[PDB]
Amino acid sequence: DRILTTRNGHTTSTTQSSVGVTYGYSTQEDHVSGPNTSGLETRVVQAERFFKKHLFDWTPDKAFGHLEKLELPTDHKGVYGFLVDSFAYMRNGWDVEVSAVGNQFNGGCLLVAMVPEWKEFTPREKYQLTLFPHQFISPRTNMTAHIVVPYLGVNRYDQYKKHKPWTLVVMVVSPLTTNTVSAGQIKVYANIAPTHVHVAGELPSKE
Amino acid sequence: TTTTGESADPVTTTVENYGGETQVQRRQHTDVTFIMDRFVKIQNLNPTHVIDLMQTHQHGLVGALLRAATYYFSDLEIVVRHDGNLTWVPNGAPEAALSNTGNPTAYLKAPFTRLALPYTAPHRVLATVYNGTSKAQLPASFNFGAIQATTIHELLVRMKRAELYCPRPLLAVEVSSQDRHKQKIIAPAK
Amino acid sequence: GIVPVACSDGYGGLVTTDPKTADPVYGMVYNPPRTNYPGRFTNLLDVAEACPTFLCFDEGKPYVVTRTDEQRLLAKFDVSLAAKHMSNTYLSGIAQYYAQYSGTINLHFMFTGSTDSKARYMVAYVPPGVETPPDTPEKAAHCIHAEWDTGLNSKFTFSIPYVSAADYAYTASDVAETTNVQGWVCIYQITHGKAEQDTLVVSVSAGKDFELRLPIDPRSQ
Amino acid sequence: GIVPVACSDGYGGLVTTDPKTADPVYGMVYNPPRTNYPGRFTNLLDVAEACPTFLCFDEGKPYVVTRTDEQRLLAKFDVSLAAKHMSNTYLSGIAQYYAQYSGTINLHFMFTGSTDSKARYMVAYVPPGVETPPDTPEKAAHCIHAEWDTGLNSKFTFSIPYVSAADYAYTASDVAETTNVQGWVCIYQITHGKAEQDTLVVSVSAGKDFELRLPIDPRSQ
Amino acid sequence: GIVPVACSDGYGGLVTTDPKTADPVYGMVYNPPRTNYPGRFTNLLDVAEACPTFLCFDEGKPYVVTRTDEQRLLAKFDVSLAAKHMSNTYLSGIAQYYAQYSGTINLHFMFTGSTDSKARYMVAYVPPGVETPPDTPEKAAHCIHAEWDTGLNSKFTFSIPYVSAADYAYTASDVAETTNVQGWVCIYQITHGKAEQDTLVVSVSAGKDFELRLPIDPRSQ
Amino acid sequence: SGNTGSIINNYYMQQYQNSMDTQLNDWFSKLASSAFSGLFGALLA
Amino acid sequence: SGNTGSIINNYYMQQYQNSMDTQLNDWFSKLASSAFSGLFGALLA
Amino acid sequence: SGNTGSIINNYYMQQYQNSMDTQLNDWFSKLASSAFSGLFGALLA
């Protein structure tokens, strides 16, 4: 059963080349109603759905250690994005799908990981990125990686305009190889959905 | 053992696969609370000093293991060698408070002062890295209070009942040798 | 032989807040009785909850007033125990001696106009996240808020909620923080009827879950 | 009279790893709750078993590759936590802080070639006792070893056994030891089919009975 | 108040043989197992009883021999753990570290002659009380003694009894004592048959009630 | 009682450690607990 | 708990010795214990 | 055990005071106890 369909709201994603789902650090969420919001937080399901982002083009010239990152949340022009501008505090986890579509004649390997409290890693530290929740993408085996993570941080609710707890990271483990029958490059995309979205502290309007 | 590497599911094979036998292991020394529970030096000192565990040496036993975690929690013990009386104030206090006796103040008693202090941050846990601003450096609120004396000569900190969350890279010395890092291991004289 | 002990280095010095007691020297003293002496308080916060004290508005008045009947922002103050407006309150007097707090802070509004004067007011809690506080009731309506009019009951009480990222907030405010960290409280007049010289007295008390922790001695001595 | 005690010489000094606790001075502090905070680890070896980290081969690559389809020794490294090849691993990062270890160390091999590339590999554990490591699969066959080919499952894991005279081995390596004390691991390519530019990624994790003991603080500070 | 104590003068100094233990500093160390390791001894005297060691006779020989078949005193030595003849024995090696002893000391005689050589010997314990030891078997017969001849069994063992005024005797011998305080042991040859070059090997072990007490450290260091 | 944290009894008798009270009540606790809460009048929630 | 080895109770109350936790779980232990072992597929031993 | 004479337990846990033995016997005592005694052969006392 390499076939998987994921649903988030009124959006679905179906992949026929998956190696399952990796859950990071936990399988459920910490308590979303703590003392810091005095019972004024509310959930917004209309924001729990997939949004898209191109990460990069995986080409043969990129070597081991080449790293691409996406700090979350990122600019969002839909419901979720509106919440970031209209409420002072928020919390949510992430349902992350990364795809790298070439063909089975390509070779190589990408590491896909979710990193809490991103800091630029030194070359030597890249050898240990597997300490973070991750999966690999190798054209001979899969085109999709899927990671699910909960919200975390020193604070139970956050101000995303000031702090991004999670960072999606894609790193080249072994360079893309090409044949006469393979793809020449692979475009890597992310399909992300925020999960268990809660907001607190409605802000005034700007007009 | 043969498995699907891409899924990143942990796989722990054993010597039994080729007829060996797995032995008994005793891991108390790699227990987190235990390993962090020992005094380490702070080093960069001033007569007014804010206790920040990130001032431990990054390659020191405690400093390195601490940086190999993202979030942590602990109470603290400190040993301070100072001239004059030593005053401590909790996380959040105005620096000005360090001058008053109503705050925990330890009167000089040679050779130094050892105290047990509770965690006082306003956060449920602290972090060793923080991806953002609070107004890279860490937020000002990540501390265990501050101490002041006429002169602070030495400061040792000890993490009590430590909890660590979310592992991060931990590095050994890089090797130039091409085979092994070699060093002088202690051996009997003569 | 006798018991061997290790006199331990780093222990034994006097600490001004230590949890031990001194040796006594003058025994058997019986005190005059003080059974049922009135007015006792065993927790500072019992007093802080029960006795609201006045806020301070421009010119040292415990009230706001407006001459025009149009909608106006009557007052705006930082949600801080170190705010100018709270500087003469008992709650701030107590709070200065603790490093952190959390919980509800209650505002009280008492209209003192004559029978023939009426008004309608609005109070809003504006969390951190905006450059400047809203200048109109319309923009502020999108925040947590309450509106009320004057009548037989002269007093209205509103809870300023504790909404923050951390579980506790600092009682003092740092020189580096330009815009207030816990947000603002904005008091508006929606409109009034013949209330030109009539005032709204504002006071503050501690809420049911208001809490102060970590005693400190900060004042210059 | 009172209790007589002997204040004992040689006792009482501060020892940085002592098993006693300091006297407290600031009581009754209640912490914000951190119930079920995710990602906790209570033993370093739980992390070391579950998260393999990459080895380092000539040029700083976490993999080996070969252009010829003949049989070749692809890599040879010392069975030492101080080996060049293990220098960027988490297992070695942890091991530097302990003087001794015993137990199983696990190697993981992940083939990243395209569907049309195949290979057959061999890994052998060569104990101490020979001058130089075997350069061919044939000579190495007489050692403990495993052979595998590439297919649907991309990963193969092999346990490097703890075989030694003493019950524990040192984690560090001495300047005097020329040839490695715990032996070698040799990775060979038996042959391949159209796998000229395809690689084998190698990582390492702690085995079930892997153990570290005797904490030390060795780095230059 | 706290507990009042009297720090007592004259107590507390380190004594190299004290019965107390030091404070620990490095816990939780588990040792490699050494279950049933062979060759253990828990008391020095178990070894001393079971393993006789050789005496030393003129010229450093562990035996006596005589060329004439007449009756002769073959050897005479002081019943002292400091005797020249006992100087290379394990019993004396142990005894030097104790000030006193009491109890039985056992002598062993092993004849090493050829089948065609025979002899008859006598051993006598001569207590203190006479100027010089008896030079003939006839004079010595009046003492506690044993006589034996050679045959199929090559070894004869004889107990030197502890007979003294005090309950313990000193292991060392003083410069002032000219004649030995515990007496002598005299070994005679009654006669022999064709035993001119054949020897009698002599060794010594501790007896069942042999005891050493009061440890001392006497050697020049 | 208040800022004392020894698990062990005091070595000295109470008659010596402290003065002793004689006989012949928390007003602010009662005052605070008596406070009105909620709403006055009808609610349309 | 961790690097403390007195057989005897602490002289001070726990409320003074340490901070106290409030309420409103070892992930890596579970992760490690969940690891696959042995062989995948048929064995001819 | 050997040259220790306190009637009172040690203040520190055994796991700290000493190293701890693991498992997977006095030879000279047995050797000595096995020694022959008395006489070999007939006695005319």
Taking region B:69-125, which residues are charged (D, E, K, R), within 9 Å of chain C (Cβ to nearest Cβ) and outside any strand (DSSP E or B)? B:109, B:124
Among the numbered criteria (1) buried (at least 19 other Cβ atoms within 10 Å of the Cβ); (2) touching a helix residue (DSSP H, G or I) at 6+ places or on another chain (Cβ under 9 Å), which one does residue A:161 miss? (1)
Scan of region B:129-160 for residues that are under 30 Å from residue B:101 (Cα atoms) and touching an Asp or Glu at 6+ places or on another chain (Cβ under 6 Å), ordered by number: B:143, B:150, B:151, B:158, B:160
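Restricting region B:34-47 to residues that are in contact with a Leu (Cβ under 9 Å, 6 or more places away or on another chain) and facing another protein chain (nearest Cβ under 7 Å), which is farthest from residue B:82 (Cα to Cα)? Step through it out loud before you land on a result.
We begin by selecting, within region B:34-47, every residue in contact with a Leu (Cβ under 9 Å, 6 or more places away or on another chain); these are B:35-36, B:38-43, B:45.
Subset that is facing another protein chain (nearest Cβ under 7 Å): B:35, B:38-39.
Details: B:35: 28, B:38: 21, B:39: 17 Å.
This residue is B:35.
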Quick check: is even one residue across region B:170-181 within 30 Å of residue D:39 (Cα to Cα) and in contact with a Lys or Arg (Cβ under 7 Å, 6 or more places away or on another chain)? yes
Given the structure, is residue D:121 under 19 Å from the mean Cα position of the chain (by Cα), of a type in the set (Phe, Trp, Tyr) and surrounded by 14 or more Cβ atoms within 10 Å (Cβ to Cβ)? no
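Tell me, please, whether a residue that is part of a helix (DSSP H, G or I) and either of a type in the set (A, V, I, L, M, F, W, C) or more than 27 Å from residue E:25 (Cβ to Cβ) (or both) can be found in region B:37-46.
Just the residues of region B:37-46 that are part of a helix (DSSP H, G or I), to begin with: none.
Looking through region B:37-46, none of the residues is part of a helix (DSSP H, G or I) and either of a type in the set (A, V, I, L, M, F, W, C) or more than 27 Å from residue E:25 (Cβ to Cβ) (or both).
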Go through region D:182-208 and give me each residue that's within 10 Å of chain B (Cβ to nearest Cβ), within 21 Å of residue D:78 (Cβ to Cβ) and not in a strand (DSSP E or B). D:207
If we ask which residues in region A:157-202 are in a strand (DSSP E or B), more than 30 Å from residue A:60 (Cα to Cα) and charged (D, E, K, R), their number turns out to be 2
Among (1) of a type outside the set (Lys, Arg); (2) more than 9 Å from chain C (Cβ to nearest Cβ); (3) assigned to a loop (DSSP other than H, G, I, E, B); (4) within 21 Å of the chain's Cα centre (by Cα), which single condition is residue B:175 missing? (4)
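Tally the residues that are more than 14 Å from chain B (Cβ to nearest Cβ) and of a type outside the set (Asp, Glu), restricting the search to region C:8-41. Don't jump to the end; show me each part of the working.
Step one: filter region C:8-41 for residues more than 14 Å from chain B (Cβ to nearest Cβ), giving C:21-41.
Then drop every residue that is not of a type outside the set (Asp, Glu), which leaves C:21-22, C:24-41.
Result for region C:8-41: 20.
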Those residues that are buried (at least 21 other Cβ atoms within 10 Å of the Cβ) and not in a loop (DSSP other than H, G, I, E, B), I need them from region C:209-219; list them, please. C:212, C:214
Counting just the residues of region B:126-136 that are at the interface with another protein chain (Cβ under 7 Å from one of its Cβ atoms) and of a type outside the set (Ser, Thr, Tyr), which one comes out surrounded by the fewest Cβ atoms within 10 Å (Cβ to Cβ)? B:135
Checked against (1) under 29 Å from residue D:60 (Cβ atoms); (2) within 14 Å of chain D (Cβ to nearest Cβ); (3) in contact with a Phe, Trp or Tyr (Cβ under 6 Å, 6 or more places away or on another chain), residue A:60 satisfies every condition except (3)
Filter region A:1-31 for residues that are out of contact with any helix residue (DSSP H, G or I) (no Cβ under 6 Å at 6 or more places or on another chain), at the interface with another protein chain (Cβ under 10 Å from one of its Cβ atoms) and among the aliphatic types (A, V, I, L, M) and give the result. A:21
Counting only residues in region H:1-18 that are exposed (fewer than 12 other Cβ atoms within 10 Å of the Cβ) and hydroxyl-bearing (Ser, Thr, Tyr), the one farthest from the chain's Cα centre (by Cα) is identified as H:4
Identify the residue in region B:1-31 that is at the interface with chain G (Cβ under 8 Å from one of its Cβ atoms) and farther than 30 Å from residue A:98 by Cα and, among all such residues, is surrounded by the fewest Cβ atoms within 10 Å (Cβ to Cβ). B:16
For the structure I just gave you, tell me whether residue E:5 is at the interface with chain D (Cβ under 9 Å from one of its Cβ atoms) and surrounded by 14 or more Cβ atoms within 10 Å (Cβ to Cβ). yes
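If you check residue C:207 against the conditions, is it touching a strand residue (DSSP E or B) at 6+ places or on another chain (Cβ under 9 Å) and on the phi < 0 side of the Ramachandran plot? Even if it seems obvious, please write down each step before you answer.
On the way: touching a strand residue (DSSP E or B) at 6+ places or on another chain (Cβ under 9 Å): yes; on the phi < 0 side of the Ramachandran plot: yes.
Yes, satisfied.
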Tell me the strands (runs of 3 or more DSSP E) entirely within region D:51-131 that contain at least 1 residues that are in contact with a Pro (Cβ under 7 Å, 6 or more places away or on another chain). D:72-78, D:98-102, D:105-111, D:118-126
Could you tell me how many of the residues in region F:1-25 are away from chain G (no Cβ under 14 Å) and farther than 26 Å from residue C:207 by Cα? 13
Restricting attention to region A:131-140, which residues are at the interface with another protein chain (Cβ under 7 Å from one of its Cβ atoms) and either of a type in the set (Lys, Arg) or closer than 18 Å to residue B:129 by Cα (or both)? A:131, A:140
Give just the number: which of (1) more than 7 Å from every other protein chain (Cβ to nearest Cβ); (2) within 19 Å of residue A:84 (Cα to Cα) does residue A:204 not satisfy? (1)
Determine, yes or no, whether residue B:103 is within 24 Å of the chain's Cα centre (by Cα), of a type in the set (S, T, N, Q) and buried (at least 21 other Cβ atoms within 10 Å of the Cβ). no
Quick one: which strands (runs of 3 or more DSSP E) sit completely within region A:1-117 and have at least 3 residues that are among the charged types (D, E, K, R) and buried (at least 21 other Cβ atoms within 10 Å of the Cβ)? A:87-101
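Filter region E:164-208 down to residues that are over 17 Å from the mean Cα position of the chain (by Cα) and surrounded by 15 or more Cβ atoms within 10 Å (Cβ to Cβ), then give me how many there are. Full working, then the answer.
The initial filter retains those residues of region E:164-208 that are over 17 Å from the mean Cα position of the chain (by Cα), namely E:165-167, E:174-179, E:188-200.
Now restrict to residues that are surrounded by 15 or more Cβ atoms within 10 Å (Cβ to Cβ): E:188-192, E:195, E:198-200.
Number satisfying all stated conditions: 9.
Checking the conditions here, which among E:46, E:69 is more than 30 Å from residue D:103 (Cβ to Cβ) and more than 8 Å from every other protein chain (Cβ to nearest Cβ)?
Details: E:46 fails: more than 8 Å from every other protein chain (Cβ to nearest Cβ).
Going through E:46, E:69 in turn, just one is more than 30 Å from residue D:103 (Cβ to Cβ) and more than 8 Å from every other protein chain (Cβ to nearest Cβ): E:69.
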Regarding region F:26-41, can at least one residue be identified that is touching a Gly at 6+ places or on another chain (Cβ under 8 Å), at the interface with another protein chain (Cβ under 8 Å from one of its Cβ atoms) and within 30 Å of residue G:11 (Cα to Cα)? no
Residue pairs within 8 Å by beta carbon, gap of at least six or interchain, first lying in region A:148-165 and closer than 20 Å to residue A:190 by Cα, second among the basic types (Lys, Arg), listed first then second, are A:151/A:91
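Quick reminder, even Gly has a Cβ in these numbers, built from the backbone with ideal geometry, and neighbours come from all protein chains shown. Read-outs throughout are calculated quantities, based only on the coordinates presented, and are distinct from any laboratory measurement.
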